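Contents: one structure, followed by commentary.
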Amino acid sequence: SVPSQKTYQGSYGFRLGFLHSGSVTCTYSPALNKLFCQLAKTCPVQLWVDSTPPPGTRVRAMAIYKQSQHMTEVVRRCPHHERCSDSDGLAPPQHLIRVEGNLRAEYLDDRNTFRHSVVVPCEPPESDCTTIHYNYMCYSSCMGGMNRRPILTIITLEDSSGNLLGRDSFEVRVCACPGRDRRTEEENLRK
Ligand SMILES: *c1nc(F)c(C#N)cc1F
Ligand SMILES: *c1nc(F)c(C#N)cc1F
Ligand SMILES: *c1nc(F)c(C#N)cc1F
Ligand SMILES: *c1nc(F)c(C#N)cc1F
Ligand SMILES: [Zn+2]
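Read left to right, the sequence shown gives residues 96 to 117, 121 to 224, 227 to 291 (the UniProt record's numbering).
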């Protein structure tokens with residue numbers, strides 16, 4: 096089974112956004131639709147809707163491998179990092195993606211597909229945007245985990261039953277030098 100990655104604004108006009116960045123622990127490339135971040139550092143992601151969704155609407159994040167030959171493999175923390183004593187009290191140690199600073203985050207191990215995801219209630223903005233803070237708890241290069249394979253994060257807006265209301269996505273590289281790696285990959289896209 097493979098989760099869909101098709102962008103879908105839906106009835107509420109749902110989409111993601113990133114603030115600008117160029121020392122950096124996280125930086126987003128619009129040209130590559132790709133977030134570059136350090137291990138276990140805050141990644142702020144903005145959520146936009148055109149219209150306020152109903153109470154009980156939630157926002158779920160899930161990682162999948164980007165390459166088609168790995169898409170059925172569950173993205174999980176590597177054998178090293180899953181044994182770290184780095185629990186926040188809520189995230190199970192196998193989950194790559196955490197939400198920080200939200201006590202209502204729930205973590206799902208899907209009983210059928212075995213995929214991991216983290217979901218929070220969707221709340222109205224303060227402002228014009230809602231921000232969620234994600235952490236990525238493994239490097240892209242971790243052997244026995246992502247093993248240098250690219251991943252996508254899929255962000256879904258869902259009703260209280262889990263039915264799809266909206267979807268957006270971005271590629272992620274978790275690496276020691278996000279600013280340098282962004283500049284290298286944007287230069288490759290240029291040439
Ligand atoms: C890290 N990464 C980003 F993409 C942003 C933005 N916008 C902020 C940050 F700290
Ligand atoms: C996992 N957990 C830790 F606590 C450390 C340290 N120090 C490293 C690690 F990979
Ligand atoms: C989630 N939930 C909401 F209520 C809004 C609004 N308004 C945005 C969102 F991303
Ligand atoms: C705040 N948050 C967002 F996600 C967008 C977009 N797209 C715009 C905004 F002002
Ligand atoms: Zn790891």
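All residues carry an ideal CB built from backbone N, CA and C; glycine is no exception.
Worksheet item: Hey, is residue 228 close to ligand 4, as in C-beta under 6 angstroms from one of its heavy atoms?
Response: yes
Discussion item. Using only the alpha-carbon positions, how far apart do residue 277 and residue 135 sit?
Written reply: 8 angstroms
Worksheet entry | DSSP state of residue 112 mapped onto helix, strand, coil | strand
Practice prompt. Using the Cα positions of residue 181 and residue 193, report the straight-line distance between them to the nearest angstrom.
Written response: 11 angstroms
Worksheet item: Would you call the stretch 148-155 and the stretch 251-270 in contact, with 3 or more CB pairs under 8 angstroms?
Response: yes
Discussion item. Per the DSSP calculation, residue 135 is bridged to which residue(s)?
Written reply: 124, 274
Item to complete: Just tell me which of 151, 106, 280, 282 has its CA closest to the CA of residue 219.
Response: 151
Worksheet entry | Any residue whose CB is nearer than 7 angstroms to a heavy atom belonging to ligand 1, listed in chain order | 113, 114, 115, 116, 122, 123, 124, 125, 126, 133, 135, 140, 141, 142
Fill in: Residue closest to residue 284, alpha-carbon to alpha-carbon, out of 117, 198, 247, 101
117
Item to complete: Put residue 266 into one of helix, strand or coil per three-state DSSP.
Response: strand
Worksheet item: Counting by C-beta, which residues lie closer than 7 angstroms to a heavy atom of ligand 2, in chain order?
Response: 178, 179, 182, 183, 184
Worksheet item: Per the contact definition of three or more C-beta pairs closer than 8 angstroms, is the stretch 227-241 in contact with the stretch 137-149?
Response: yes
Discussion item. Taking the straight line between their C-alpha atoms, what separation do you get for residue 203 and residue 108?
Written reply: 23 angstroms
Worksheet item: So who's on the other strand from residue 144, going by DSSP bridges?
Response: 112, 231
Item to complete: Note down, one range per segment and in chain order, each alpha helix (DSSP H) of at least 4 residues found wholly within the stretch 145-202.
Response: none
Worksheet item: residue 101 and residue 271 look like a contact to me (Cβ under 8 angstroms); what is the Cβ gap, rounded to whole Å?
Response: Contact flag wrong, Cβ pair sits at about 15 angstroms.
Discussion item. With DSSP as the reference, identify every bridge partner of residue 219, one or two as the case may be.
Written reply: 156
Item to complete: Please go through the same chain and pick out, in chain order, the residues whose beta-carbon is closer than 6 angstroms to the beta-carbon of residue 217, but skip the five residues on each side of it.
Response: 156, 158, 204
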